[PDB]
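# With the input below, show me the fold.
(7 chains)
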Amino acid sequence: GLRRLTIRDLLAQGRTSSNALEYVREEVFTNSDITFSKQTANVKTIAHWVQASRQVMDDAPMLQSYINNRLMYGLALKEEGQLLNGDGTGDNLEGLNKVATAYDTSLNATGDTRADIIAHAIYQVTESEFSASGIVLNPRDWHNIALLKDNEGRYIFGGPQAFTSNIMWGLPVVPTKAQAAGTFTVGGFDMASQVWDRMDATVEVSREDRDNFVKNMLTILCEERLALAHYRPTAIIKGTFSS
Amino acid sequence: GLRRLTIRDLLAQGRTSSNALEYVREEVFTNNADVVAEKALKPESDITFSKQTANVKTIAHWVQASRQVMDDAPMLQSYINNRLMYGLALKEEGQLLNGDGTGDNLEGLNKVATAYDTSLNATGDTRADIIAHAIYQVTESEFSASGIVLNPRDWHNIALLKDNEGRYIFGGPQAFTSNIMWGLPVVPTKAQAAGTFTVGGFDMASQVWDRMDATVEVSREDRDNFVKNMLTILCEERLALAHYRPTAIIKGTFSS
Amino acid sequence: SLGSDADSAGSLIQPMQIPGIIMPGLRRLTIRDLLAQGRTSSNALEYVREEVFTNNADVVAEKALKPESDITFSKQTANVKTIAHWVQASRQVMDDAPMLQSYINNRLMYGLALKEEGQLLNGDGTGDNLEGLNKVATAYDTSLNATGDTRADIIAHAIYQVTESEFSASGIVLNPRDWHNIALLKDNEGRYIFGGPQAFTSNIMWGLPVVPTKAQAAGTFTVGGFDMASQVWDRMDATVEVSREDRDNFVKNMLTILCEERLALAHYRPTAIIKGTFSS
Amino acid sequence: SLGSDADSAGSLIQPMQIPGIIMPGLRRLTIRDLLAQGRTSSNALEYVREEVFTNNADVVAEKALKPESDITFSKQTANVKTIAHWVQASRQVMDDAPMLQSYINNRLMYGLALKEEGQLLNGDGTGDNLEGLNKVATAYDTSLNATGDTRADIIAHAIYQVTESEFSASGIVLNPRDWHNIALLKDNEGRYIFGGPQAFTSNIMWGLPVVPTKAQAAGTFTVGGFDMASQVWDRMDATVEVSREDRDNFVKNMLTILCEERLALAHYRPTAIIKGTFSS
Amino acid sequence: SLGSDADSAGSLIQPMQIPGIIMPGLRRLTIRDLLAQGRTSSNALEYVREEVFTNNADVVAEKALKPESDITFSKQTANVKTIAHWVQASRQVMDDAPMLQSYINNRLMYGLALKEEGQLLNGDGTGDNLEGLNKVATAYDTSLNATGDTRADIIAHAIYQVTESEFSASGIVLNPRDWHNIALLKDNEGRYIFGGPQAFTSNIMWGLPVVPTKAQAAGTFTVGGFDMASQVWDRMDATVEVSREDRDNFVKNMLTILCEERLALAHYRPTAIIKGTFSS
Amino acid sequence: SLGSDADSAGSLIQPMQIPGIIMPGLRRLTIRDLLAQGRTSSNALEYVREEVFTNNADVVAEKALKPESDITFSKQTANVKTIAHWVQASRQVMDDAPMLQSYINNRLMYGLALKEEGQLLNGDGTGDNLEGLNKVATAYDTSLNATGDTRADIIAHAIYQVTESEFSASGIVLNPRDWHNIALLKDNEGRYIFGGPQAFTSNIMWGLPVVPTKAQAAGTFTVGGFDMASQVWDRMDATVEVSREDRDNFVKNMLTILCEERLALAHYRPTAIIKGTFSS
Amino acid sequence: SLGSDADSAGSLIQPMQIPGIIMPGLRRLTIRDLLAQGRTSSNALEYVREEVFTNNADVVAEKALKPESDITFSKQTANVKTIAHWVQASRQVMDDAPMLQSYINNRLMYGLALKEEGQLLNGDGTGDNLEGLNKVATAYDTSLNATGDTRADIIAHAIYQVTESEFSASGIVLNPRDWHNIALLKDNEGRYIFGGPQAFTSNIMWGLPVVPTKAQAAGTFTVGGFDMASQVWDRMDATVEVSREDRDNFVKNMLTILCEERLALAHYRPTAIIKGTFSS
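Residues are numbered from 1 along each chain as shown, chains lettered A, B, ... in the order given. Pasting the structure now:
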């Protein structure tokens, strides 16, 4: 139960019972002539296998459930990768960084901070008739941000005194390793683009496999298949952290 | 009802449960029975036998598709299955008719079959005229012919034969011609090479023994499969073709 | 002098009215009756059809590795197209002639289904047009023709080519004139091949029902297992709606009658449909 | 010598009178029977038919203007014409020969009904004349004639040309001589197509009844679905009344016999009738 | 040697007498039975037929003067002719041969009736000879003969020419010699038209009974509706009388036997009969 | 070695006797059964037939000379002849073999009946030979032969020639070989005239029964109304007598067996019988 | 690896035994059934047949010497021949395979009867061989062959040649090879005289049953009234005896099996049988 917000939580969560989806996007708008497109959201599968030995698995029931939890987390980290930097090609999901609108460099003021850039992006969200939801950053990057000071010494963000959790400008922050070193993403995930769960994360095992049966090893797997849809590609903005 | 007149139906269908089959056939009957002069020595006749064996060969094939497509699309699940059956049964004839006899290939009909008599061909004969000749050559074993095997292409142009008057031989355009020739059923198989034909008393000259019926099985956890979240489909079958009377089958070439 | 012409008292005589209206030759609808019918509720239909079956099934040695054979099908999509037309009539006429509308309705439904049949058969496939049977159809095998064949032989040949995919042909589609010039065939001695002068032959050839529709172009023919290979999907049945508030109708006492219908044509086994041209 | 010669005693023997008058050949009247028969009490008939159906129904693109179809109509009129003739006879002849009265009647009735048939088939349409079946009938399409067709094939073709308007033919009308030469056709062997010398063939070909009438000009043939294509309307049946006060009649002791009739021929579907000419 | 020789004892043996005179072939009478029969007791007959019927029944315009039709009549006469012949025999032969007269009687009747039939058919018409069927009969239409017609076709053509009078035929008169070659006709294959060698065809052709008579000249044929085209009127039946005092018979010791008959052939409808000649 | 050879113990086994004697082919008599079987008691027969009937019956003008007709007769004779043969056998043999007597009788009758039938058909008509059918028969008409006539056509013609005497035919006489080559006739197409190879045709032709007899010479045919055109008169039925005292039979210890018969063939109507030669 | 071959656990699985033995093609015995099956008990047979019947029956003149006829006879003999063969097998084989005894019996019979039929048909006649039908039969008359005859025609001719002995035929004997090429005869058009690719024709020709056996030589053929022209006499039926003491069979632990039979073929009427050759 890692106390950290997930990119999965940022989006709306619903259920489905189909191969793919016939939903409709939104391209441009010259404020008139608006643009729309009937897209397909394919339900691709994701998971990662882990094989040990039956000599250990049968000699510890507590360790049984343990691995199940260690993999559920290991999956989310990979699931987070398919959602964010999702290629959207073969067996990859329609990623955010791929569909996201680029950052507007013309919003930078000579003399501001690293965090100021983030605030500027939050504004571009309104330029799509939508309300912002959250921020996705790289742990290392987000770290340097929380630890900022001025030319004199005072803390930019704020002292540890009245400190809390992961928020910025009143928005949830998800420090993921899936986010490239020096890249960021902001959007109105709450009502913009959502994910539909076809099959929840379940776990099964098999003594007979590639080798296993002859090696006495047992294979564990956490399979989960879902679909990612993008209603408003304008409501999302990805930008390069210039430094 | 698309009964393409299964080549199997033309043969005796029996079930087995062993590795192979062993039958006994009379090889050479030295018949010396003749007229005998009074108070003289008589003719000595002899008989030869042989233990002919018919091995049980296995035929099958497999496919591997993503599970996210099979368990997700049920009506397609059974589609691939029914297609592999057709695909297998199609190659089944391929052996029964053109078996090499060597190695694992079954001793097919054409392999065993006695060659056609090139002399029976008279000046100015039709293609169907020849098949008629074949039916006779089958009689050289004292057995009524049972069926005729032909390539759909050849058989097609057969039913469309005409007299020097103009009318059709097998049937006026008003109705389609039924697969029959000289009272014998006809089997159009792509397995039968063009220009080649097979005739004989299949009804009781050769028998097919089924050790295992054509079955289809799936493996959720075969080697890679579990990881690749796939599935392996298998359609197998175990046969055994026995040839009692080789002289009761003919193979020839449509020299035209 | 007191005649019946205009000059005289002919005004007193009123011609007898013939109750009813005269409709022209009402063509008998077919084609869609040959195909499988099904109802849908989507803007389109994503399906798949077996393209290439690589059969590798063979005799396997004991303890040996089995043959791998795969089936490659292409993912074709059948879009839902809309066919319709409207008539702008005077409201004065509609009220003065009661049963007029009832006529127009049964008249537009016909004109609709007519141009519908025209699509299912010769669908361009380009843009809004459907992928008609003749577009999808696999070309005729010219190598099947032999020295001294009749037009009847050709169809017979085609019927076989349908078996190349292994599917019994449902029927034969021909232009009424071609079908005619076929029923009237004679042998090299004179006798009639079909029915003789005594009586006309039925619309059956090689045990298969013959469909003569003016929809089929002259010199063109189509054979296949229609009742199996292709299916029609009715999104919206043919219906007629009337509105006098359309555009500036209310302001001009006009009545706009609309006759629409939504379709969708699919082709599961295209290999089972043959098309050709009679060389003359 | 006392012979039966004129210039002798042959004046006492009076030739035996054979009771009865010898009428010529009475043509079996038809045509009027092929058509539908109705009655009227007016002087003309008005019926309506669909003139031009401008069907523009086609595939429509999403968010686009649809095709506008149009329809045209017409008021077709069939006037009532009067056919008749009179005969002036001496009162002496009529009184001295009693049977004559009823004879002339049964003759004028025939003579009248003869020209009646003569109109229905070949009506000039010139003012007073009725628009006969031939003046109306759609001309035969020469394009149907193939290479090496018998006169029998031509009719078979004509029958079809009727179907080209979605209408079933009723019968075939030809000149007796033509029908003859037709029934006596032979193949390249010698056999009779309709019937070997054993017996004459029935008046039927291609499933349709054949009607040989001297009223039909030689080399001319008319095929069509008369039972549902045209209709005859009787205003006044053939009546015969006599009067001996007509002008001079009384003063010349004459007798005038009249035989009149009123008709009206309507042609609903002219497309369902075909006229043509054989190739000599 | 006491044999049965003439110069020996072969005089006591008397050859056995075979009773009954051997009469030759009796030609089966037919022509007489074909025509309708009736009798009279006068010198001649007078029947009246409609000559020229001027039919002007046409379409009359309103308020206009109608057409005038006329009917002409003619008086036709049929004279009674006498047929007979006598035999001058010897009284010696008559008394010495009792059953002789009885024989001659039943012999002269046939001999006379033979000429009776011979007259009814080929009646010259000139002088005292009757106007037989062949003279009255309307000549055959050479125009009806088409290229490639058999003798069987010609007769079939004639049957039609009879229909030009609105009267159906009832018989075909042919010379046995010709009727034979007709029944033995073959096609290109070689098969018999009327019947294979297995059995002989009945005397029927085109549904009409065939009458083969030696009275019909070779190469000549006659067809028509005899049962209603002509009628034979008998004034006096065939009678036989003998005279012992005829001329010098009393002195020469002779006996004359007479056999006479009085006929009268009427031809009501000449257009219902046809005479023709085979050109080959 | 005690074998059953001649020079050994074989002289002990007596060959089994096969009861009965093997008689050769017993020919089926026919000719005699075709005629009338009457019996006489004299050495000759005298019948009378009408020779020349000069029939001059014609139409006679009023008060004019009538025609004279004359008749002629003739006495035709038919002598009775005798057929017989004897066999001189050993009196000893007759006693040693009892069944021989009865056998010789039955064999002498057949032997006689053969030369009897041989006479009835081909009687030379000379000194002692009877006037056989073929000698009397009126020669076939060489004119009845047309272009391309089968051998079967000829007999068909012959049958007609019999009718030229107003008499119906009874049967046909042919040599078995000729009859054979006739049943095996084919048409220009190759088919069999009488019957397909599936079954041998019955002995009937043109409705008349066929009679194949080896007595009929090769290439000679006879047709007519035998049932009543000629008749056989039996003076003495065929009988067998035996004499022991005949000549030196008593001294040579012999036995003479005699088999005789007395026949008389009469030919009433020669015009009803036809003989001809198969020119080929 | 645990396979199922020699080097592995294949010795554990026993092949399934198929019940009994597979006898080769058993020819259908026919000839023996075509003849009269008589019973005897002697060494030979003596039948008497009439040789030369010098029939000189003729017409004899009055008081003249008569014709002398003579008859000749002969004693024909039919010897009884013996057919058989033996087979000595190991005592072991017999006891170890019970089914064998009864099998060998059935085989020696078919083997004997086979050479039996081979004698009856083509019996040499010399030495100990029987006088087979073919060596007795009268040769086919080449004269009967006409220009353009089929093989089927010739057989028809043979059937007649049988009649030339006053005896009706029984059946036809041909080598299946030749018989085959006959059923496949076509006319000048191309149609099968017997079949017509729908059904194989039955073994019947010219009303007579056909008998195709490999016993008959290729090109050779026989026709006649078998069921009356000849007779088979059985002295000893086909019996099978077993001896265990035959010579040294006791010491060698052997066992001899014999299968003997005694026959005698008689040829009553050789004239009723025909043999020939198909020159082509």
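
# Residue ranges of each domain in chain A, please.
Structural domains annotated on chain A: A:6-99+A:193-231, A:100-192+A:232-243, as defined by CATH domains of a matching chain.

# out of those domains, which comes closest to chain D?
Comparing the domains of chain A against chain D with Cβ to the nearest Cβ, the closest turns out to be domain A:6-99+A:193-231 (11.8 Å). For the C-beta atoms, the positions are set from N, CA and C on the backbone; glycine is no exception.

# Relative to chain E, which of the domains of chain A is closest?
domain A:6-99+A:193-231 (71.2 Å).

# any bit of the closest one sitting next to chain D?
No. Using Cβ under 8 Å from any Cβ of the partner chain, domain A:6-99+A:193-231 never reaches chain D; the gap is at least 11.8 Å.

# Run through who's touching stretch A:80-100.
The contact list for stretch A:80-100 (Cβ atoms under 8 Å, 6 or more residues apart in numbering or on different chains) reads A:6-8, A:11, A:41-42, A:44-46, A:136, A:176, A:178-180, A:183, A:185, A:187, A:193, A:195, A:227-230, A:233, A:236-238.

# and that stretch, how far out from the chain's middle?
10 Å (Cα atoms, centre = their mean, to the nearest Å).

# What residues of it count as buried?
Judged by neighbour count (16 or more other Cβ atoms under 10 Å in any protein chain shown), stretch A:80-100 contains these buried residues: A:80-86, A:88, A:92-100.

# for stretch A:1-20, same thing?
Taking 16+ other Cβ under 10 Å as the criterion, stretch A:1-20 shows A:5, A:6, A:7, A:10, A:11, A:16 as buried.

# Quick one: end-to-end distance for it.
Stretch A:1-20 has an end-to-end distance of 31 Å (Cα to Cα, to the nearest Å).

# Check chain A for its longest strand and report it.
Determined from DSSP state E, the single longest strand within chain A is strand A:195-206.

# Show me what it is packed up against.
strand A:13-15, helix A:61-83, strand A:219-228 (3 or more Cβ pairs under 8 Å, 6 or more residues apart in numbering or on different chains; DSSP states H and E).

# So the residue of chain A most remote from its centre versus chain C, what's the distance?
Here the centre of chain A is the reference, and by Cα atoms, centre = their mean the most remote residue is residue A:214, at 39.4 Å. Going from residue A:214 to chain C by Cβ to the nearest Cβ, to the nearest Å gives 17 Å.

# That residue and residue E:134, how far apart?
119 Å (Cβ to Cβ, to the nearest Å).

# and if you look at residue A:107?
128 Å.

# Likewise for residue A:164?
For residue A:164 relative to residue E:134 (Cβ to Cβ), the value is 140 Å.

# Equivalent analysis for residue A:227, please.
107 Å.

# Residue A:103 too?
124 Å.

# Residue A:175 too?
Relative to residue E:134, residue A:175 is positioned 132 Å away (Cβ to Cβ).

# Repeat that for residue A:64.
Distance from residue A:64 to residue E:134, by Cβ to Cβ: 127 Å.

# Next: residue A:121.
126 Å.

# Please flag which of the contacts of stretch A:80-100 sit within strands.
A:41-42, A:44-46, A:136, A:183, A:185, A:187, A:195, A:227-228, A:236-238.

# can you pick the most crowded of the residues you listed?
residue A:187 (32 neighbours; other Cβ atoms under 10 Å in any protein chain shown).

# check contacts around that residue.
Counted by Cβ under 8 Å, 6+ apart, residue A:187 has contacts A:96, A:100, A:125, A:132, A:133, A:134, A:193, A:235, A:236, A:237.

# So which of those belong to helices?
A:96, A:125 (DSSP state H).

# and which of the contacts of residue A:187 is nearest to chain C?
Using Cβ to the nearest Cβ, the contacts of residue A:187 come closest to chain C at residue A:193, 22.0 Å.

# Any idea how many residues pack against the closest residue to that closest one other than its chain neighbours?
Closest residue in space to residue A:193, ignoring its immediate chain neighbours: residue A:230 at 4.4 Å, by Cβ to Cβ, 6 or more residues apart in numbering or on different chains. Residue A:230 has 24 neighbouring residues, counting by other Cβ under 10 Å.

# How about residue A:242?
10.

# Kindly report the same for residue A:119.
14.

# Just give the nearest non-adjacent residue to it, would you?
Using Cβ to Cβ, 6+ apart and skipping residues adjacent in sequence, the residue nearest residue A:119 is residue A:169, 6.0 Å away.

# Count the residues that sit near the one you found.
Count around residue A:169 with other Cβ under 10 Å applied: 12.

# Contact partners for residue A:126?
Applying Cβ under 8 Å, 6+ apart to residue A:126 gives the contacts residue A:132.

# if you set the cut-off to 10 Å instead, what comes out?
A:132, A:188, A:235 (Cβ atoms under 10 Å, 6 or more residues apart in numbering or on different chains).

# Just the buried ones among those, please.
A:132, A:188, A:235.

# nearest to chain F, of the residues you listed?
residue A:235 (91.8 Å).

# Correct me if wrong: that closest one contacts residue A:101.
Yes. Between residue A:235 and residue A:101 there is a contact under Cβ atoms under 10 Å: 8.6 Å.

# can you list residues touching both of the two?
Joint contacts of residue A:235 and residue A:101 (Cβ under 10 Å, 6+ apart) are A:124, A:127, A:128, A:187.

# give me the residue from chain A nearest chain B.
residue A:206 (4.4 Å).

# what about that residue, how many residues close to it?
Residues lying near residue A:206 (other Cβ under 10 Å) number 18.

# Look up how far chain C lies from it.
21 Å.

# In space, what's closest to that residue - neighbours in sequence excluded?
According to Cβ to Cβ, 6+ apart, the nearest residue to residue A:206 is residue B:221 (4.4 Å).

# who's in contact with the residue in chain A that chain F sits nearest to?
Closest approach between chain A and chain F, counting by Cβ to the nearest Cβ: residue A:19, at 69.1 Å. Going by Cβ under 10 Å, 6+ apart, residue A:19 touches A:40, A:42, A:43, A:198, A:227, B:68, B:69, B:72, B:73, C:46.

# Residue A:184 too?
Residue A:184 touches A:97, A:103, A:117-118, A:121, A:135-138, A:141-142, A:145, A:237-241, counting by Cβ under 10 Å, 6+ apart.

# rerun that using 6 Å as the cut-off
Residues near residue A:184 by Cβ atoms under 6 Å, 6 or more residues apart in numbering or on different chains: A:137, A:239, A:241.

# wouldn't the second one be in contact with residue A:103 here?
If I follow you right, that is residue A:239. Yes. Counting by Cβ atoms under 6 Å, residue A:239 does reach residue A:103; the two are 2.8 Å apart.

# Single out the residue in chain A that lies closest to chain G.
Counting by Cβ to the nearest Cβ, chain A gets nearest chain G through residue A:214, at 14.5 Å.

# Where does residue A:111 sit: helix, strand or coil?
Per DSSP: H, G, I helix; E, B strand; the rest coil, the secondary structure class of residue A:111 is coil.

# Checking my notes, residue A:121 in a helix, right?
Yes. When three-state DSSP is applied, residue A:121 is found to be in a helix.

# okay, now it: neighbour count?
Neighbour tally, residue A:121, other Cβ under 10 Å: 20.

# which residues are contacting stretch A:60-71?
Under Cβ under 6 Å, 6+ apart, the answer for stretch A:60-71 is A:203, A:222.
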